[PDB]
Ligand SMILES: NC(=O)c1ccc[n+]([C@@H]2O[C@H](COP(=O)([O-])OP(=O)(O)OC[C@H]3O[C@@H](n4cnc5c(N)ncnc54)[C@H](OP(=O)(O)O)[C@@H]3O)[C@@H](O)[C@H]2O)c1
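The chain that follows stands alone, in the form deposited without the named molecule, written as structure tokens.
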């Protein structure tokens, strides 16, 4: 990508304070896009906004993507300051692994609403602006669980696969409207949250954290975790005008764990 590629394009990213969302925001900022970063907590969001102001005009907003009323108000405030959103990156996730019979109606609904319902409601709010402008990019951060199954992750796989279905059908519906709809499907990514789970099980099984990291990296044929910057690289690539022919695709960022076709 060029240094002044997405200049004058308002991009909104959810789950932006840390991990994958933070790296996506950083890659879009280095490309010149004006950013709206959405996160659940005030801590880490304001620090990310201050850091990314060195490259572009950045803004932060706190809100729960599951709450429709909170998002309807948040979207209005963000579009009032930086205009309509041209690039939307849906990066909200939730996974609680358990045997299928131990998943009650409430936990089933939470997986569906966070991983699929939130993206539906945000697209519904920002799509009129994209249609009015005649150009747009909707990028859904799904997972390898949206392309393949995992035991003990039935609700997560069902919701993430549903996000690929939403991606594919909407890509065809908006094909001749100047908007592309794509999904990026990362495998296990090296985030501060993952490093805490590695350190937790290492402290509980009397093992070194490096030995525990091997268990997480085992599914990746490259023998390592995916870096958040590698997920972000796939996102920024799609925002270019030369990526207009990329539509309805699920790009796996998992070292070969899932090989799409």
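Residues that one form lacks are left out of the comparison. Here the rigid core means the biggest group of C-alpha atoms that line up within 1.5 Å when the two forms are laid on top of each other. Positions refer to the first chain, counted from 1.
Although not depicted, the form deposited with the named molecule bound is the subject of the following passage.
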- Task: Report whether the minimum heavy atom distance between residue 212 and the named molecule in the deposited bound form is within 4.5 Å.
- Result: no
- Non-hydrogen atom contact residue 11 with the named molecule in the deposited bound form at 4.5 angstroms: no
- Verify the contact flag for residue 202: yes if a non-hydrogen atom of it lies within 4.5 Å of a non-hydrogen atom of the named molecule in the deposited bound form, no if not. no
- Does the named molecule get within 4.5 angstroms of any non-hydrogen atom of residue 189 in the deposited bound form? yes
- Item | 40, 53, 219, 227 - the one with a heavy atom within 4.5 Å of the named molecule in the deposited bound form | 40
- Segment assignment from 152 to 160, 168 to 176, 99 to 107, 129 to 137: heavy atom within 4.5 Å of the named molecule in the deposited bound form: 152 to 160
- Query: What residues in 138 to 164 sit within 4.5 Å of the named molecule in the deposited bound form, counting heavy atoms only?
  - Reply: 141, 142, 143, 156, 160
- Query: Which is the one residue in 199, 62, 70, 217 whose C-alpha moves 2 Å or more between this form and the one not shown, relative to the superposed rigid core?
  - Reply: 199
- For residue 42, state whether the C-alpha moves by 2 Å or more between this form and the one not shown after rigid core superposition. no
- Task: Using the rigid core for the fit, write out the stretches of 3 or more consecutive residues with CA shifts of 2 Å or more between this form and the one not shown, ordered by sequence.
- Result: 192 to 213
